[PDB]
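**Student:** Data: my_file39.pdb, PDB, C-alpha atoms and all ligand atoms.
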ATOM      1  CA  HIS K   4     148.238 114.964  94.364
ATOM      2  CA  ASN K   5     151.891 114.752  93.352
ATOM      3  CA  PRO K   6     154.511 114.368  96.066
ATOM      4  CA  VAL K   7     155.561 117.784  97.375
ATOM      5  CA  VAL K   8     159.244 118.721  97.724
ATOM      6  CA  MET K   9     159.806 121.724 100.014
ATOM      7  CA  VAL K  10     162.998 123.726  99.472
ATOM      8  CA  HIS K  11     164.394 126.092 102.133
ATOM      9  CA  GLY K  12     166.448 129.251 101.656
ATOM     10  CA  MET K  13     169.649 130.713 103.034
ATOM     11  CA  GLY K  14     170.221 129.734 106.659
ATOM     12  CA  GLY K  15     167.112 127.582 106.529
ATOM     13  CA  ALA K  16     166.192 124.014 107.337
ATOM     14  CA  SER K  17     163.466 121.505 106.695
ATOM     15  CA  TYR K  18     161.683 122.496 109.913
ATOM     16  CA  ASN K  19     160.994 125.897 108.326
ATOM     17  CA  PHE K  20     158.092 124.135 106.562
ATOM     18  CA  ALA K  21     156.507 122.620 109.667
ATOM     19  CA  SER K  22     153.462 124.911 109.638
ATOM     20  CA  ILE K  23     152.942 124.588 105.873
ATOM     21  CA  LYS K  24     153.063 120.807 106.254
ATOM     22  CA  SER K  25     150.468 120.939 109.037
ATOM     23  CA  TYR K  26     148.225 123.099 106.870
ATOM     24  CA  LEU K  27     148.461 120.829 103.846
ATOM     25  CA  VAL K  28     147.699 117.725 105.886
ATOM     26  CA  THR K  29     144.484 119.348 107.136
ATOM     27  CA  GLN K  30     143.576 120.213 103.524
ATOM     28  CA  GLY K  31     143.828 116.647 102.219
ATOM     29  CA  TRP K  32     147.503 115.958 101.477
ATOM     30  CA  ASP K  33     148.899 112.777 102.970
ATOM     31  CA  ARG K  34     151.711 113.394 105.421
ATOM     32  CA  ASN K  35     153.696 110.651 103.699
ATOM     33  CA  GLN K  36     153.779 112.553 100.398
ATOM     34  CA  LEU K  37     155.355 115.730 101.873
ATOM     35  CA  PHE K  38     159.147 115.894 101.711
ATOM     36  CA  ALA K  39     161.417 118.698 102.894
ATOM     37  CA  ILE K  40     165.096 118.809 101.977
ATOM     38  CA  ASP K  41     167.965 119.863 104.224
ATOM     39  CA  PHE K  42     170.772 121.462 102.259
ATOM     40  CA  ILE K  43     174.329 121.193 103.588
ATOM     41  CA  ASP K  44     175.386 124.531 102.090
ATOM     42  CA  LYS K  45     173.225 127.002 103.983
ATOM     43  CA  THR K  46     174.544 129.869 101.843
ATOM     44  CA  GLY K  47     172.520 128.611  98.860
ATOM     45  CA  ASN K  48     175.159 128.177  96.139
ATOM     46  CA  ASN K  49     173.646 126.518  93.097
ATOM     47  CA  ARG K  50     176.759 124.438  92.465
ATOM     48  CA  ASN K  51     175.979 122.616  95.743
ATOM     49  CA  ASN K  52     172.221 122.889  96.103
ATOM     50  CA  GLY K  53     171.293 122.246  92.476
ATOM     51  CA  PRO K  54     172.807 118.768  92.419
ATOM     52  CA  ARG K  55     171.528 117.985  95.921
ATOM     53  CA  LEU K  56     167.997 118.934  94.914
ATOM     54  CA  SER K  57     168.317 116.835  91.741
ATOM     55  CA  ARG K  58     169.226 113.729  93.722
ATOM     56  CA  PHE K  59     166.518 114.382  96.324
ATOM     57  CA  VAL K  60     163.833 114.625  93.637
ATOM     58  CA  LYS K  61     165.166 111.454  92.015
ATOM     59  CA  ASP K  62     164.885 109.692  95.391
ATOM     60  CA  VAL K  63     161.318 110.942  95.937
ATOM     61  CA  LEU K  64     160.240 109.767  92.488
ATOM     62  CA  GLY K  65     161.923 106.425  93.093
ATOM     63  CA  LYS K  66     160.185 105.788  96.404
ATOM     64  CA  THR K  67     156.722 107.019  95.356
ATOM     65  CA  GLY K  68     156.546 105.973  91.713
ATOM     66  CA  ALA K  69     155.075 109.358  90.799
ATOM     67  CA  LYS K  70     155.663 110.837  87.363
ATOM     68  CA  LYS K  71     156.374 114.359  88.635
ATOM     69  CA  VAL K  72     156.863 116.296  91.850
ATOM     70  CA  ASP K  73     155.508 119.658  92.917
ATOM     71  CA  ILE K  74     157.817 122.209  94.565
ATOM     72  CA  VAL K  75     157.277 124.750  97.337
ATOM     73  CA  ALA K  76     160.337 126.956  97.718
ATOM     74  CA  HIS K  77     161.292 129.816 100.035
ATOM     75  CA  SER K  78     163.762 132.629  99.248
ATOM     76  CA  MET K  79     166.996 131.179  97.767
ATOM     77  CA  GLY K  80     165.179 127.862  97.320
ATOM     78  CA  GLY K  81     163.432 129.486  94.384
ATOM     79  CA  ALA K  82     166.734 130.209  92.660
ATOM     80  CA  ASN K  83     167.962 126.689  93.389
ATOM     81  CA  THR K  84     164.756 125.257  91.855
ATOM     82  CA  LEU K  85     165.080 127.356  88.692
ATOM     83  CA  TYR K  86     168.736 126.338  88.315
ATOM     84  CA  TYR K  87     167.719 122.676  88.543
ATOM     85  CA  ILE K  88     165.113 123.255  85.823
ATOM     86  CA  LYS K  89     167.331 125.405  83.569
ATOM     87  CA  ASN K  90     170.738 123.707  83.751
ATOM     88  CA  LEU K  91     170.273 120.243  85.259
ATOM     89  CA  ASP K  92     167.790 117.379  84.870
ATOM     90  CA  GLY K  93     164.653 118.953  86.311
ATOM     91  CA  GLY K  94     162.944 120.033  83.093
ATOM     92  CA  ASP K  95     160.728 116.945  82.816
ATOM     93  CA  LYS K  96     160.255 116.080  86.524
ATOM     94  CA  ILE K  97     158.203 118.997  87.902
ATOM     95  CA  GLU K  98     154.547 119.927  87.483
ATOM     96  CA  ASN K  99     153.568 122.755  89.886
ATOM     97  CA  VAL K 100     155.976 125.285  91.429
ATOM     98  CA  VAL K 101     155.134 127.732  94.231
ATOM     99  CA  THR K 102     157.791 130.196  95.380
ATOM    100  CA  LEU K 103     157.494 132.244  98.591
ATOM    101  CA  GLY K 104     159.596 135.388  98.614
ATOM    102  CA  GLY K 105     161.712 133.710  95.980
ATOM    103  CA  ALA K 106     165.107 135.052  95.004
ATOM    104  CA  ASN K 107     164.204 133.807  91.565
ATOM    105  CA  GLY K 108     165.837 136.457  89.381
ATOM    106  CA  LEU K 109     169.300 135.439  90.487
ATOM    107  CA  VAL K 110     168.760 132.587  87.977
ATOM    108  CA  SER K 111     165.822 133.519  85.735
ATOM    109  CA  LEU K 112     163.148 136.162  85.543
ATOM    110  CA  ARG K 113     161.070 133.873  83.291
ATOM    111  CA  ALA K 114     158.713 131.088  84.333
ATOM    112  CA  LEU K 115     160.657 128.336  82.580
ATOM    113  CA  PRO K 116     158.275 125.889  80.868
ATOM    114  CA  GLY K 117     160.551 122.863  81.053
ATOM    115  CA  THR K 118     160.922 120.127  78.470
ATOM    116  CA  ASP K 119     157.771 118.002  78.671
ATOM    117  CA  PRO K 120     155.862 119.060  75.530
ATOM    118  CA  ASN K 121     152.659 117.624  76.969
ATOM    119  CA  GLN K 122     152.813 119.768  80.112
ATOM    120  CA  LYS K 123     154.371 123.151  80.837
ATOM    121  CA  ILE K 124     155.649 123.703  84.365
ATOM    122  CA  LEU K 125     153.140 125.961  86.141
ATOM    123  CA  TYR K 126     154.191 128.706  88.548
ATOM    124  CA  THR K 127     152.813 130.733  91.433
ATOM    125  CA  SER K 128     155.168 133.382  92.802
ATOM    126  CA  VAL K 129     153.979 134.899  96.095
ATOM    127  CA  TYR K 130     155.765 137.938  97.473
ATOM    128  CA  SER K 131     155.098 140.652 100.033
ATOM    129  CA  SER K 132     155.517 144.417  99.926
ATOM    130  CA  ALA K 133     156.758 144.169 103.547
ATOM    131  CA  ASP K 134     159.593 141.732 102.784
ATOM    132  CA  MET K 135     162.784 143.389 104.029
ATOM    133  CA  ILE K 136     165.047 140.610 102.718
ATOM    134  CA  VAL K 137     164.109 139.863  99.081
ATOM    135  CA  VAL K 138     163.103 142.811  96.911
ATOM    136  CA  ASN K 139     159.979 142.023  94.915
ATOM    137  CA  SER K 140     161.680 142.527  91.531
ATOM    138  CA  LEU K 141     163.659 139.338  92.245
ATOM    139  CA  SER K 142     160.476 137.371  92.927
ATOM    140  CA  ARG K 143     158.182 138.339  90.051
ATOM    141  CA  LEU K 144     158.423 135.923  87.099
ATOM    142  CA  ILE K 145     157.202 136.800  83.634
ATOM    143  CA  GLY K 146     154.550 134.265  82.626
ATOM    144  CA  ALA K 147     153.746 133.098  86.163
ATOM    145  CA  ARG K 148     150.807 133.743  88.419
ATOM    146  CA  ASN K 149     152.324 136.574  90.438
ATOM    147  CA  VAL K 150     150.650 137.324  93.771
ATOM    148  CA  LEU K 151     151.527 140.485  95.709
ATOM    149  CA  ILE K 152     150.441 140.553  99.352
ATOM    150  CA  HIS K 153     150.958 143.219 102.010
ATOM    151  CA  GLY K 154     151.929 143.425 105.651
ATOM    152  CA  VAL K 155     153.638 140.017 106.003
ATOM    153  CA  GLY K 156     157.380 139.749 106.603
ATOM    154  CA  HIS K 157     159.782 137.335 104.937
ATOM    155  CA  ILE K 158     159.764 134.742 107.732
ATOM    156  CA  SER K 159     156.020 135.051 108.332
ATOM    157  CA  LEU K 160     155.493 133.882 104.746
ATOM    158  CA  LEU K 161     156.000 130.430 106.293
ATOM    159  CA  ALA K 162     153.141 130.866 108.805
ATOM    160  CA  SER K 163     150.592 133.213 107.219
ATOM    161  CA  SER K 164     147.162 131.748 106.487
ATOM    162  CA  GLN K 165     146.825 133.994 103.428
ATOM    163  CA  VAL K 166     150.033 132.577 101.955
ATOM    164  CA  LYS K 167     148.925 128.999 102.664
ATOM    165  CA  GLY K 168     145.798 129.527 100.575
ATOM    166  CA  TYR K 169     147.910 130.413  97.545
ATOM    167  CA  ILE K 170     150.142 127.393  98.135
ATOM    168  CA  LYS K 171     147.040 125.190  98.048
ATOM    169  CA  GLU K 172     145.821 126.869  94.856
ATOM    170  CA  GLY K 173     149.192 126.348  93.195
ATOM    171  CA  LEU K 174     149.538 122.708  94.187
ATOM    172  CA  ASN K 175     146.010 122.066  92.866
ATOM    173  CA  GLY K 176     146.987 123.339  89.397
ATOM    174  CA  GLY K 177     146.153 127.018  89.789
ATOM    175  CA  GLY K 178     149.498 128.456  88.715
ATOM    176  CA  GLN K 179     150.174 129.730  85.217
ATOM    177  CA  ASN K 180     152.788 129.713  82.500
ATOM    178  CA  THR K 181     151.903 132.002  79.614
ATOM    179  CA  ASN K 182     155.362 131.868  78.062
ATOM    180  CA  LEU K 183     155.929 130.209  74.713
ATOM    181  CA  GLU K 184     157.204 126.617  74.739
TER     182      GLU K 184
HETATM  183  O1  LIG T   1     167.655 113.309  82.736
HETATM  184  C1  LIG T   1     167.409 112.123  83.219
HETATM  185  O2  LIG T   1     166.218 111.593  83.208
HETATM  186  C2  LIG T   1     168.520 111.349  83.873
HETATM  187  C3  LIG T   1     168.547 111.766  85.324
HETATM  188  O3  LIG T   1     167.539 112.413  85.889
HETATM  189  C4  LIG T   1     169.747 111.312  86.112
HETATM  190  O4  LIG T   1     170.938 111.317  85.569
HETATM  191  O5  LIG T   1     169.537 110.875  87.327
END
Transcribe the structure of this file into C-alpha cells.
Ligand SMILES: O=C([O-])CC(=O)C(=O)O

**Tutor:**
Amino acid sequence: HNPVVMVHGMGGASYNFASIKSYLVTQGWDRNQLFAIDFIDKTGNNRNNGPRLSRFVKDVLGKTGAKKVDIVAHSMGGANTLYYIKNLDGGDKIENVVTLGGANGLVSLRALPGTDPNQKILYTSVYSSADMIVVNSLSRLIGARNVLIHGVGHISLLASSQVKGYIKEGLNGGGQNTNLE
C-alpha cells in the first residue's frame, strides 16, 4: 500500500479521520503509513491549504521513500486536493484519490489524470443523497467512479461502514479515470 494522506474539510481536524484510521488498520494498513493533516485555515481557502498540502505530501514522501501517496478527502478537502493536482506540484505524486462528500466542483468537475504518463490518477467520489451540506452536483466527477449512497449524513460519512468499504476499494486500486490523458 502507498502511504495515505487524509485531508479534512471546513471546520475540520485530523481527528475527524479517527474511525477511518481504525477501520483501515483492521483491514491490513499499517498505522505508521496513515497520515492526517491539520490545516491552519479552517475555512478551506486554496491559497492557504493548497501549499500546506503540497508540503505535507512532500514530507510524507521524504520520510517513507514511497513514489506516490493516496488521498482520502472530506468535503472541502476534495477541492483542496484537486487544486494541488491542477495548479501546484501534485500531478505526479498521487495514485489513488477517494473523496467523501467532496466539494470538488469548486475547483474541477473532471477527474484530473495528472502528469505521470505511466499512471493516471484514479478517483472514487462517494456522496450521499442525505447530505445537507454539499449538494451532490459538486461531488460527482466526470471520469471517476461515482458512488451514490442514501440515508447517511455529511458527518456520518466519516463513520459509516458502507462508506469505509468504498474507501478500501479505492485505496486498493478500484477507482477509475476514463478521461483522456
Ligand atoms: O514538482 C516538483 O517535483 C518539485 C516539488 O514538488 C517542490 O518544489 O517541492

**Student:** Can you tell me which residues surround region 57-67 of chain K at a distance of at most 9 Å, considering only C-alpha atoms, apart from same-chain residues fewer than 5 positions away, and format the answer as a compact mmCIF listing (two decimals) with C-alpha atoms, in the coordinates of the input?

**Tutor:**
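What ended up in out_8.txt:
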# COMPACT_ATOMS: atom_id res chain seq x y z
CA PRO K 6 154.51 114.37 96.07
CA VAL K 8 159.24 118.72 97.72
CA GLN K 36 153.78 112.55 100.40
CA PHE K 38 159.15 115.89 101.71
CA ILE K 40 165.10 118.81 101.98
CA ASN K 52 172.22 122.89 96.10
CA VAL K 72 156.86 116.30 91.85
CA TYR K 87 167.72 122.68 88.54
CA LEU K 91 170.27 120.24 85.26
CA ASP K 92 167.79 117.38 84.87
CA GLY K 93 164.65 118.95 86.31
CA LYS K 96 160.26 116.08 86.52

**Student:** Give the answer as one residue: which of K:147, K:23, K:74, K:138 has the shortest atom-to-atom distance to residue 165 (chain K), using all atoms listed in the file?

**Tutor:**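 Looking at the shortest contact to residue 165 (chain K), the residue is K:23.
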
**Student:** Pick the closest to residue 137 (chain K) from K:48, K:17, K:35, K:107: which is it, counting all atoms listed in the file?

**Tutor:** K:107

**Student:** Which residues match the PyMOL selection byres (((chain K and resi 24) around 12) and not hetatm) in the file above, as a PyMOL selection string?

**Tutor:** chain K and resi 7-9+17-23+25-39+75+161-162+167+170-171

**Student:** What residues come out when you apply the PyMOL selection byres (((chain K and resi 134) around 9) and not hetatm) to this file, written as an MDAnalysis selection string?

**Tutor:** chainID K and resid 104 130:133 135:139 153:158

**Student:** State, in Å with one decimal place, the distance from CA of residue 98 (chain K) to CA of residue 68 (chain K).

**Tutor:**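 These two atoms are separated by 14.7 Å.
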
**Student:** Smallest atom-to-atom distance to ligand LIG 1 (chain T): which of K:127, K:90, K:111, K:180, using all atoms listed in the file?

**Tutor:**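 Smallest distance to ligand LIG 1 (chain T) is found for K:90.
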
**Student:** I'd like the interatomic distance between CA of residue 117 (chain K) and CA of residue 95 (chain K), to a tenth of an Å.

**Tutor:**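 Computed distance, CA of residue 117 (chain K) to CA of residue 95 (chain K), equals 6.2 Å.
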
**Student:** Suppose a student applies the PyMOL selection byres (((chain K and resi 99) around 7) and not hetatm) to this structure; what residues should they get, written as an MDAnalysis selection string?

**Tutor:** chainID K and resid 73:74 97:98 100:101 124:126 173:174 176

**Student:** Within 7 Å of (166.5, 132.6, 95.8) (coordinates as in the file), grab all the protein and nucleic acid residues, counting all atoms listed in the file, and write them out as a ChimeraX atom specification.

**Tutor:** /K:12,78-83,105-107,109

**Student:** Kindly export the residues of the current selection with C-alpha atoms, as a PDB file, in the frame of the given file.

**Tutor:**
ATOM      1  CA  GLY K  12     166.448 129.251 101.656  1.00  0.00           C
ATOM      2  CA  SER K  78     163.762 132.629  99.248  1.00  0.00           C
ATOM      3  CA  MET K  79     166.996 131.179  97.767  1.00  0.00           C
ATOM      4  CA  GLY K  80     165.179 127.862  97.320  1.00  0.00           C
ATOM      5  CA  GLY K  81     163.432 129.486  94.384  1.00  0.00           C
ATOM      6  CA  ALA K  82     166.734 130.209  92.660  1.00  0.00           C
ATOM      7  CA  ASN K  83     167.962 126.689  93.389  1.00  0.00           C
ATOM      8  CA  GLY K 105     161.712 133.710  95.980  1.00  0.00           C
ATOM      9  CA  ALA K 106     165.107 135.052  95.004  1.00  0.00           C
ATOM     10  CA  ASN K 107     164.204 133.807  91.565  1.00  0.00           C
ATOM     11  CA  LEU K 109     169.300 135.439  90.487  1.00  0.00           C
TER      12      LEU K 109
END

**Student:** Measuring between all atoms listed in the file, which one of K:128, K:51, K:5, K:84 shows the shortest distance to residue 71 (chain K)?

**Tutor:**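 Nearest candidate to residue 71 (chain K) out of K:128, K:51, K:5, K:84: K:5.
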
**Student:** Rank K:14, K:53, K:177, K:168 by their smallest atom-to-atom distance to residue 88 (chain K), using all atoms listed in the file, and report the top residue only.

**Tutor:**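 Ranking K:14, K:53, K:177, K:168 by distance to residue 88 (chain K), first place goes to K:53.
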
**Student:** I'd like the interatomic distance between CA of residue 45 (chain K) and CA of residue 15 (chain K), to a tenth of an Å.

**Tutor:**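 Those two atoms sit 6.6 Å apart.
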
**Student:** Could you check which of K:11, K:4, K:55, K:123 is closest to ligand LIG 1 (chain T), using all atoms listed in the file?

**Tutor:**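 Looking only at the distances to ligand LIG 1 (chain T), the closest residue turns out to be K:55.
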
**Student:** Taking all listed atoms of ligand LIG 1 (chain T), build the axis-aligned box, pad each of the six sides by 4 Å, then write its centre and edge lengths in Å to one decimal as AutoDock Vina command-line options.

**Tutor:**
--center_x 168.6 --center_y 112.1 --center_z 85.0 --size_x 12.7 --size_y 10.4 --size_z 12.6

**Student:** Which residues are near residue 183 (chain K)? Cut-off 10 Å, only C-alpha atoms, ignore same chain within fewer than 6 positions. Put them as a ChimeraX atom specification.

**Tutor:** /K:115-116,123,146

**Student:** Please complete region 91-104 of chain K with N, CA and C atoms and give it back as a PDB file, in the coordinates of the input.

**Tutor:**
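Just written: selection-v3.pdb:
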ATOM      1  N   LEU K  91     170.123 121.628  84.890  1.00  0.00           N
ATOM      2  CA  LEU K  91     170.273 120.243  85.259  1.00  0.00           C
ATOM      3  C   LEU K  91     169.097 119.440  84.698  1.00  0.00           C
ATOM      4  N   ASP K  92     168.702 118.382  85.410  1.00  0.00           N
ATOM      5  CA  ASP K  92     167.790 117.379  84.870  1.00  0.00           C
ATOM      6  C   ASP K  92     166.361 117.540  85.365  1.00  0.00           C
ATOM      7  N   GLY K  93     165.962 118.746  85.745  1.00  0.00           N
ATOM      8  CA  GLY K  93     164.653 118.953  86.311  1.00  0.00           C
ATOM      9  C   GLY K  93     163.564 119.303  85.329  1.00  0.00           C
ATOM     10  N   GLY K  94     163.893 119.488  84.051  1.00  0.00           N
ATOM     11  CA  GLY K  94     162.944 120.033  83.093  1.00  0.00           C
ATOM     12  C   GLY K  94     161.729 119.164  82.841  1.00  0.00           C
ATOM     13  N   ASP K  95     161.838 117.859  83.065  1.00  0.00           N
ATOM     14  CA  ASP K  95     160.728 116.945  82.816  1.00  0.00           C
ATOM     15  C   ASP K  95     160.222 116.261  84.088  1.00  0.00           C
ATOM     16  N   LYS K  96     160.591 116.753  85.271  1.00  0.00           N
ATOM     17  CA  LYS K  96     160.255 116.080  86.524  1.00  0.00           C
ATOM     18  C   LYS K  96     159.354 116.887  87.442  1.00  0.00           C
ATOM     19  N   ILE K  97     158.922 118.074  87.031  1.00  0.00           N
ATOM     20  CA  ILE K  97     158.203 118.997  87.902  1.00  0.00           C
ATOM     21  C   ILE K  97     156.909 119.395  87.224  1.00  0.00           C
ATOM     22  N   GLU K  98     155.831 119.482  88.012  1.00  0.00           N
ATOM     23  CA  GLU K  98     154.547 119.927  87.483  1.00  0.00           C
ATOM     24  C   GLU K  98     154.215 121.326  87.998  1.00  0.00           C
ATOM     25  N   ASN K  99     153.974 121.484  89.300  1.00  0.00           N
ATOM     26  CA  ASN K  99     153.568 122.755  89.886  1.00  0.00           C
ATOM     27  C   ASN K  99     154.674 123.308  90.763  1.00  0.00           C
ATOM     28  N   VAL K 100     154.965 124.600  90.618  1.00  0.00           N
ATOM     29  CA  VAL K 100     155.976 125.285  91.429  1.00  0.00           C
ATOM     30  C   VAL K 100     155.312 126.459  92.140  1.00  0.00           C
ATOM     31  N   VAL K 101     155.534 126.565  93.448  1.00  0.00           N
ATOM     32  CA  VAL K 101     155.134 127.732  94.231  1.00  0.00           C
ATOM     33  C   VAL K 101     156.387 128.287  94.892  1.00  0.00           C
ATOM     34  N   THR K 102     156.691 129.566  94.656  1.00  0.00           N
ATOM     35  CA  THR K 102     157.791 130.196  95.380  1.00  0.00           C
ATOM     36  C   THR K 102     157.235 131.247  96.341  1.00  0.00           C
ATOM     37  N   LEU K 103     157.872 131.346  97.503  1.00  0.00           N
ATOM     38  CA  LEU K 103     157.494 132.244  98.591  1.00  0.00           C
ATOM     39  C   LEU K 103     158.661 133.194  98.817  1.00  0.00           C
ATOM     40  N   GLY K 104     158.476 134.472  98.506  1.00  0.00           N
ATOM     41  CA  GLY K 104     159.596 135.388  98.614  1.00  0.00           C
ATOM     42  C   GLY K 104     160.817 134.905  97.878  1.00  0.00           C
TER      43      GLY K 104
END
